[PDB]
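This report refers to the structure that appears directly beneath it.
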Amino acid sequence: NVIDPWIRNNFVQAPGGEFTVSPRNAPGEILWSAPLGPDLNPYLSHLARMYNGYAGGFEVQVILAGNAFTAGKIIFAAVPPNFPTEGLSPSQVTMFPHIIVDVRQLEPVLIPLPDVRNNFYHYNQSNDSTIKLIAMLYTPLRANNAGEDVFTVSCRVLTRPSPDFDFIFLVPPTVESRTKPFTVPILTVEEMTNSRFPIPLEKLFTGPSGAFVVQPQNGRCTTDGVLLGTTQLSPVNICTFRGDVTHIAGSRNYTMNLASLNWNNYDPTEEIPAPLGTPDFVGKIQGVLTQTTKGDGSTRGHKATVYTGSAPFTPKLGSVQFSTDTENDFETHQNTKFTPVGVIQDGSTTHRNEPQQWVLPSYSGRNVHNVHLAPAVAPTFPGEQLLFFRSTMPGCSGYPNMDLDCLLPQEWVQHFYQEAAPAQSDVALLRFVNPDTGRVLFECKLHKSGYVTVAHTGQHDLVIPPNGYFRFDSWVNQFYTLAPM
Amino acid sequence: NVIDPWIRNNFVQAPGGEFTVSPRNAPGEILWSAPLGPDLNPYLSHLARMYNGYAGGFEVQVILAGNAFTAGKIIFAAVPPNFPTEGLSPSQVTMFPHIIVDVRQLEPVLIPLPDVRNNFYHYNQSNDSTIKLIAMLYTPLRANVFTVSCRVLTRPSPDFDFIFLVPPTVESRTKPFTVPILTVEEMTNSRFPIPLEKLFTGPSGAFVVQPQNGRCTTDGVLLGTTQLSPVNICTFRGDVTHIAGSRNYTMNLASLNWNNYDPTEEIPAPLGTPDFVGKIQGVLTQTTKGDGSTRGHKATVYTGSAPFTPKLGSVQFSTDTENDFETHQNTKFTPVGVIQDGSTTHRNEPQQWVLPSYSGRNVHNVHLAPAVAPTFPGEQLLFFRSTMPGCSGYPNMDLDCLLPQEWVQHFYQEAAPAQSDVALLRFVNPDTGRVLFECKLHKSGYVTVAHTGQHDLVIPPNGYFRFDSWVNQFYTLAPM
Amino acid sequence: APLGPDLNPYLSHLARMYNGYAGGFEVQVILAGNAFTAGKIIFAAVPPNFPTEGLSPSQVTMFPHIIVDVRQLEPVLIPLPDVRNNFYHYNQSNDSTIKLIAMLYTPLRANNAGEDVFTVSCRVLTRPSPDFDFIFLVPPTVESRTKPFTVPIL
Amino acid sequence: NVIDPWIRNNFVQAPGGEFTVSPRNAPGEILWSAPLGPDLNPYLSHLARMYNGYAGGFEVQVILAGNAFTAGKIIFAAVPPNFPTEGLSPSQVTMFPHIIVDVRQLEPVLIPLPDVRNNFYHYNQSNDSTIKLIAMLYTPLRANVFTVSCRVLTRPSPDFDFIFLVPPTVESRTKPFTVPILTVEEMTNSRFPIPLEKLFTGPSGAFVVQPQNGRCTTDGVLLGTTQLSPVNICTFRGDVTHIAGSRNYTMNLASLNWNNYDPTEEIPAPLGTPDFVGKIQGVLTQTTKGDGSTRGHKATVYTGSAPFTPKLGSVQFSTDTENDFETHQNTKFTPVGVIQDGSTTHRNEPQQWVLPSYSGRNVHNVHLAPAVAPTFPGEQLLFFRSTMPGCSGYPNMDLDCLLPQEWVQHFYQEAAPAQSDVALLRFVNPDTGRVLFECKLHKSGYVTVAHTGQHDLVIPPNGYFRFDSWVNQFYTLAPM
Amino acid sequence: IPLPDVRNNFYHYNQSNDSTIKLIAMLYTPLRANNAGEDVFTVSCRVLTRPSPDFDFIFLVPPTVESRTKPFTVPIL
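Going line by line, the protein sequences match chains A, B, C, D and E. Reading the first sequence from the start, the letters are residues 1 to 485 in my numbering. Reading the second sequence from the start, the letters are residues 1 to 480 in my numbering. Reading the third sequence from the start, the letters are residues 1 to 154 in my numbering. Reading the fourth sequence from the start, the letters are residues 1 to 480 in my numbering. Reading the fifth sequence from the start, the letters are residues 1 to 77 in my numbering.
Next comes the structure, spelled out in C-alpha cells:
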C-alpha cells in the first residue's frame, strides 16, 4: 500500500547481526540475540521514524559460509520475550518453532516465524515487545583440521517485511542530532605524562583509599571541559616558576613576583587555590633556575631548590623563595625561570620522606587556607581501590620519596576538552585490551565526577604490555562489581 | 510508484513560511530567497532523502495576515537559477512569471510556475534548482506600529514521482580531520619541550629547513627522530662512563624505559634526540639503583661534539662535577636553558638548521625526512617562534618549529588519509568570530601562507583554528 | 564495469554499424572453486554518479543484488532491474546508466597448507534483453588503428 | 485453538472446595481466600501449565450442605488484587460485586464476576490475579452441635483460550544450594581439626582476620592453604634432619602421600599447613620403613620460628627426645594440645590473626586469599568459637574460624555459581521450627550478621540451617 | 501539546505514586514587549483540559475519602 516493491520483494543485511563460531565454543551456550521488530531493517527504520502507526510481522532469511571440513549443525528458534534463557538444554529447543541448518549448507534458508495474531496496533517504540531471536549450536563441531582457529564461520542475518505489513499514522518527523561517542586516547600509560609534575608516567597503580588523604589540585577538570582546580593544560607549566626576582642581599634566596606561562603578571584576585601550575604538594625539588636578560638574552643557568613546605613559598600572594647554588646572579626584575626535574633529599635526615604528596601547600602562606577546593575522592561503591599512576622522580643527593602517584593523565584533559562530552549515566567502562592478544587484562570504573577506581584488593603496580591501547566500551551503573585481576 | 495520498492531496507549511513586513522596510528590496525543489515540504523532504532524483513539479500556496489599515502590494516570481538578482528593479520583476498580491485578501493563492518536464535526475548532493523564489516590496504601504505577516503553503504536483532506492547518505565518513581548537600559546614546540610563544613567517631560502623532531605522516606512521612524548625531546637516558679527570661523561645510550637501544634499526637516531648543533646548560640527574637517593647537578651538552653519537650509542655531557654520576646507573640529562659559552658571538647557537652527528661525523644521519620549501611560489612558510631560557650568555634562542607536538598525537588518533593535497584551515578568533589569516596545509604534512617578508604573527591568544575543506594545488591567498 | 552495449563483442560490432539504441541486458556469472576455501561473494547495481569508496559490505544489502557462495559449481544470473527511463540513449555516451560492483562479503578464511593457493578465477557473461532493439541506420566507419607505445624491455 | 469439549461444557470440583461453618465461628470474619485464575480447575491447571498466558474468564458455582435447623446467610465477592481485606467490615462487603446465599438452598448458584477482557498475558510465574475470592459470616446462625459445609464448583468461560506452546517449567535447575542440615556442634573448625563448640560474633576491627585454612570459592576452586581432608590441617609430613645435640628437628617437607613437594607452584604453602604463629605440644610420630615398628613421642612445633619454612621446605619440631626419629623416614607431626611455654602471658598464643612464615621471614606468604570485614556496615562477622586442648600452661585457645570444613567439600560437590551476592540463610531449630537468627552469606564465601557487640551465640544444638533465596546487597537484619 | 501515547491495559494503580510524565512550562523567546510601558500586559497562561476519547475506568471501591496517616510535618525552626 505504502512501500515501494523493491523493499517488499527482497532482503537486506542486518544492522548488527554479525557473529562467528569457534572450536572453542561449546554447545548449549548462547551465541547471538536480537529483539525482533521493525528496528531490524535500516530501510524500514528510516521509513518508520516518519510514521507512528504500526502492524504486521516479518520474515528472516539466513545464510552461512562454510568449507567442507568442518561438521556442525546449527539451530535458530523463537521465544516469548520474558522467558529466562540461561542454561537451556539444546535438545529441548526442539519444542519451539525452529529450523535446523547444517554448517556446510551453501544456500540461504528462511526462518518460519509464526505470527502470534495478537497484533492490535503495537505502539511502534516499545522495547517491551514480541519474540526474541536465539542463536545456538546443536552439534559439538568436532571441526578437526590442521589449521589453527581455522574456518571460523561467518554468519549474516537478513530481514524482509511480511505481506500483511502496514503503517497507520502520520506525523512530522524529528531532527535528532547526535552527541559524542566518549572517545579516549589509546596510548600506553608509560607514554602519557604525570599531571602533578612534568614527567612521563611509568606504570599503573592501585591501592586502598583509606591509606592516604588524596586531594591534589593539578589535574582537576570536568568530564566535559570547564577549568577547575589549579589545573591548566600545558604540562610543562606544572611545578615551574617564572617571574621577576628581587635580591635578598645576603642569602642564596630571592623574592619573585610570579609570572604566567607567557610571563603575564600573576593576579591574586581569581577564584583559584593557587597560580596555574603550582606544586600542589609539599616537597623539596632540585631542578634549575634560569634567567634571560631583558636586554640581549644572556642565558644563565644555576641549579635551584624549591620548598613547597616553606613559609616564604607564597604563590597566591606573589612571592616564593628559591635557594640556588648561586646567591645573587639572577638580576633585578628580569625574566627569571625555574624548571624542575628531580627531587633531592637534603637538609632532612628522614629518608624516603619528600615530597609529601597527600598534604596541601601554603598557597596564601600559613595565614589563609586554600580556597576553591576541587574535592577529595573516595569510592562510593565500597570495597574498591583507587587507581594511582605510580612513577619515580630523579634523585640526586639523598634518597627522597620518589613514589609519585597522580590521579589523572594530562593528555586526557585536553582530549576531553576537545571532546566536551555530556555523560549518559554516572560511571564509565574502560578496558585494557592489549592489541597483541586482543583481550582484556584489567578494567576500571571511571566516574563522571572525574576519578577512577577498580575492584582489586591490595597494592598492585599494574604491569602491562607496553604495546597496549585502552578500550572504552560502555556506561556502567553505580552498583556494578568488577572482577578482581 | 506511490507515496501517501494524504501527502499528495493536501498542503503543508514550509520552514520558510514567515514574514515580518513593516513599512519600516525599504520598498523594492528582496526579503526572502529559497531554492525551489524537494527541500521545502518537510515530511516530503525526509521521505525524499532516500531516493536520489526527481520527476515532476510542485504547486505552492500563499497565506497572508495583516490589518485593514495599511495598503501594500507584494510580488512573487521565478527566475533562472544562476541569474543574479542583486542589482534589480522591482519594476522589471513582473516580466518573469509571477503573481502580485494585495495586502487585504482571505483565500490562499497559487502561483503558475511554468514547467518544462526535464525528465532528468536532479541529484540531491548538488546545489542547483530550477529557480529561487522571491518576494519584493512593491508599494511601500504607509498608514496611520503595525507589521504584516505572510506564510508559504505547499504540496507537490500530481504528476510527480521518484526514481531509485538508495541507502541513507553519509553512513560512513572518512575521519573528518578534526583540527584541535587550541591556540599556539597553548601548543608546544616540536624541537624542544617548550610552549610556543609566537608565530612567525619568513623565507625558506634564509636557512636550510630540515629538522627531524616534528616529522610524521598525516595518517600516523612514525617519521624522523620525532616521537610521541614531548618531554623526551632533547633529554637523554643511558649509561654514563667516567672520564678520568675531566668534567665530561660519555653515555652509552638507552631507551625511555632504559631498554637496550638497537643501533641496527632503520632509524636516524634514538627517538627523542635533538636535531641541531647546540651547547646547552642542563642538569644531568642520577639516582642510586639500591635505595633511591636522588642527585641532580648542572650539566652541559654539546650536540656539535664528536662524542655525541646517538646512532652509534655514546653521548658527551660536561657537568659541573667530575665523578658524581656513577657508571651504568639511571643517569638522565634534563636540559634547563641554552647557554652561549662560545666566544662572544650573539645568537650563534643552537644551530637549528644544520644537522647534528647521529652516527658521528663519519656516517651521516640516515633515513632522513626531507626538507621543505614553498613549492607553490609566491608564499612563505609558517614558523613557530620560540625563545629558550639561558643562565649565562646570550645564544640564538629563536627556535622555529614546523608542527605542534600535540597535533602529531592528535592526528595519530585521527590516522587520517587525505582527500586532496592542500587543506583549508582558518585561524578564527571566536572573540571576533573572524578569520585573521588562512593557510595552505599540504597533505605531506606542512603548511604555507602567501604573506610577504618577516612577520611575528600577532594574534589574539584565545583564537582557534578552523579547518574547512580540501583545496586544489592552484590557489593563492590574498595577502594580509 | 560500466554496463551498456559495450560489454558484448558481438553487440559491439553489430552496434557500431547502427545508431539507434534501446533496451536492457542480463548478466550471468560463473566461478570455479574447490571445496576447501569458504567464502560468500556479492555483486550488485548502483546509480552511476554514486561515490563508492569505503562502503560497508553490509549496507550493500539495500541495492538490488545477489549473494553467491564461492563453492557454487553452477552458473547464476544477476537480476538487474531496468530503470524504465530508457527514452533512446545516444549509443555512445559514457555518461550512462548503472555501474557494476564486485565485492567480497565474507572474510575468506581459506585455510590450507598451499601457498597463495586456490586463487579463484571469475568470468562475466552478458546477454541482450528480450526488449532490445536498434533504431537508426548509418554507413559505418573505417577506424584504422595506431601504435601501442611499446618500449624495450631490457 | 481448542481444548476438550467435556472440559468446556461441564463443571468440576476445586481444591479449595471445603467449608467448616460452625456457629462457634466468629461472625463477620474471613474464612476462605483463593486467587482466581487458572490455578483452580485442576485438570485445566495441569493442561495450562504448558502454555504461558490467558485470554478469557471463568464461571464459578457454589454448592451448600446444611440442615433445616440453623439459619445463616453467607456472602461471596470479588476485590482489587492488592486490596487489603484485613480491616474490613462484613457490612461494606456487599458494595463489591457479590451474591449472598441463605443456608437452605438446593440448586447451584453462579457469581457475576464482572469482566474487562484485558487481552494481556498473565504470566504463570508471576503472583498476581484479578481478585481473591472471599467468604464471610454474615448472620451468625444460632440454633438448638451442627456444622455447615459448602463446596466450590467451576469451569472456564466459553470465550477463553490460550496463547503459546512452551516446554515444561523448571526442566533444568541450577544447583539449588543445598545447605547441610547439620549443627555447629557437629561441624568442625577450618583452621584445626577440632569440632566447633560455640558460635561467636564480634568486630572485625579487633583483629586482622585473614587466615589461609578455610578459603575456597563458592563454586569449588582450591584457594589458600585450605585443602580437603580436615585431619591434614596442622599436621606435618616430610623428612626430619637430626640436629646434633638439641631437641629440634628440621623437616624437609613432603605431601600427604609423602610425594616430593614442589616449592615452585603458585601456592602460599603446602596445603594443610597452619596459618598462625603458635607453640603447640603435639606428638611427632615415626615408623621404620623396613618392618613397621611404630613410635610416637611428645613434640613441640613453633610456627613463629624461623626454620618453619613450608614454602621453602623445612620445618622445626622440638621433641621430648633428641635422636629417636631417623632422617628421611615416615616422620609425621600429630598435634595434641596447644601449650603456653612462653613467659607467663595469659592467652597469648596461637597468634591467630598474624601470618606465619611460609617462605620464611624473607619472602612473605604469596598468592594470599584476602582479608574480610563487614563491608555492609552496621553488622558484625560470624566467628566459629573453639577451645583447643593443653597439657601445660594456659595459652589463648579461643580459635575463631570462618567456614565449616565439611561445608567446603559439600559445596565442592555443589560447585555452584551464585545467583546474587547475598543469600538468605536461616538457623531453624526444628524442635521449635522457629528461626533464632538469620544472616547475610555473601557469594564471595563469607557471612555477616547485624548484631551488636560480643556474643557467644547460645543456640539449641539440634538446630539446622535453612537457606531461602538470594537477597540484594542492601538489606539490614533486625537485631536479636 | 500532545504527549507520548502509551497504555498498560491491565490498569494503573491510582492509589500510589503512579508517577508519569510531569509538566513543562518552558520559556523559548524572552517576549520583550517593546513599548513605552514597563512590564505591561502580563501574559497569562491557563490550562483547560478534557480526557482523551479512549480514556475510561474499570474498577470501583468503597470511597474511603477520609485521610492519610500523619503527613510527616516538620518544625520550621
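Just so it is clear, CB atoms sit at the ideal spot from N, CA and C, and this is done for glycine as well.
Buried versus exposed call for residue i [16 or more other C-beta atoms within 10 Å across all chains shown]
{"i": "residue 25(C)", "result": "buried"}
{"i": "residue 323(D)", "result": "exposed"}
{"i": "residue 357(A)", "result": "buried"}
{"i": "residue 298(A)", "result": "buried"}
{"i": "residue 269(D)", "result": "buried"}
{"i": "residue 372(A)", "result": "exposed"}
{"i": "residue 147(C)", "result": "exposed"}
{"i": "residue 349(B)", "result": "buried"}
{"i": "residue 289(B)", "result": "exposed"}
Delimiting residues of the beta strand (DSSP E) encompassing residue i
{"i": "residue 133(A)", "result": "132-137"}
{"i": "residue 332(D)", "result": "330-338"}
{"i": "residue 305(A)", "result": "Looking at the DSSP string, residue 305(A) is not in any beta strand (DSSP E), and its letter there is neither H nor E."}
{"i": "residue 494(D)", "result": "Residue 494(D) lies beyond the stretch modelled for chain D, which goes from 1 to 480, so this question has no answer here."}
{"i": "residue 353(B)", "result": "That residue, residue 353(B), is in no beta strand (DSSP E); it is neither H nor E in DSSP."}
{"i": "residue 6(C)", "result": "Unbroken run through residue 6(C): none, as it is neither H nor E."}
{"i": "residue 406(A)", "result": "403-406"}
{"i": "residue 279(B)", "result": "279-287"}
{"i": "residue 14(A)", "result": "12-18"}
{"i": "residue 449(D)", "result": "446-449"}
Residue i - containing alpha helix (DSSP H), residue span
{"i": "residue 414(B)", "result": "405-414"}
{"i": "residue 8(A)", "result": "5-8"}
{"i": "residue 12(C)", "result": "9-16"}
Backbone secondary structure at residue i - three-state DSSP
{"i": "residue 230(D)", "result": "helix"}
{"i": "residue 428(A)", "result": "strand"}
{"i": "residue 475(A)", "result": "strand"}
{"i": "residue 390(A)", "result": "strand"}
{"i": "residue 187(B)", "result": "coil"}
{"i": "residue 178(A)", "result": "coil"}
Check whether the region 137-154 of chain C touches the region 47-60 of chain C, counting contact only when three or more Cβ pairs, one atom from each stretch, lie closer than 8 Å. When Cβ pairs closer than 8 Å are counted between the two stretches, the region 137-154 of chain C is seen not to touch the region 47-60 of chain C, the count staying below three.
Counting pairs of Cβ atoms below 8 Å between the region 376-391 of chain B and the region 466-477 of chain B, do you hit three or more? The region 376-391 of chain B makes contact with the region 466-477 of chain B: 3 or more CB pairs, one atom from each, lie closer than 8 Å.
Is there contact between the region 116-130 of chain A and the region 84-95 of chain C, where contact requires at least three CB pairs shorter than 8 Å? Taking a cut-off of 8 Å on C-beta distances, the region 116-130 of chain A does not touch the region 84-95 of chain C, as fewer than three cross pairs fall below it.
Does the count of Cβ pairs from the region 455-473 of chain B and the region 184-204 of chain B closer than 8 Å reach three? Proximity of the region 455-473 of chain B to the region 184-204 of chain B meets the contact definition, three or more beta-carbon pairs being nearer than 8 Å.
Threshold first: 3 residues or longer. Then list the beta strand (DSSP E) segments lying entirely within the region 115-170 of chain B, N to C. Within the region 115-170 of chain B, the runs of beta strand (DSSP E) at least 3 residues long that lie entirely inside it are, in chain order, 132-137 and 149-156.
State whether the region 308-324 of chain B contacts the region 351-360 of chain B, with contact taken as three or more CB pairs (one from each stretch) at a distance under 8 Å. Contact between the region 308-324 of chain B and the region 351-360 of chain B is present: 3 or more CB-CB pairs across the two stretches fall below 8 Å.
Segments of 3+ residues assigned as beta strand (DSSP E) that fall wholly inside the region 64-105 of chain A: List check, beta strand (DSSP E) in window: 73-79 and 98-102.
Counting pairs of Cβ atoms below 8 Å between the region 232-242 of chain A and the region 409-425 of chain A, do you hit three or more? Short answer: they touch.
Check whether the region 154-173 of chain D and the region 343-350 of chain D touch, using three or more Cβ-Cβ pairs below 8 Å as the test. Segments in contact, no.
Can at least three beta-carbon pairs, one atom from the region 437-455 of chain D and one from the region 213-221 of chain D, be found at a separation below 8 Å? Enough Cβ pairs lie closer than 8 Å, so yes.
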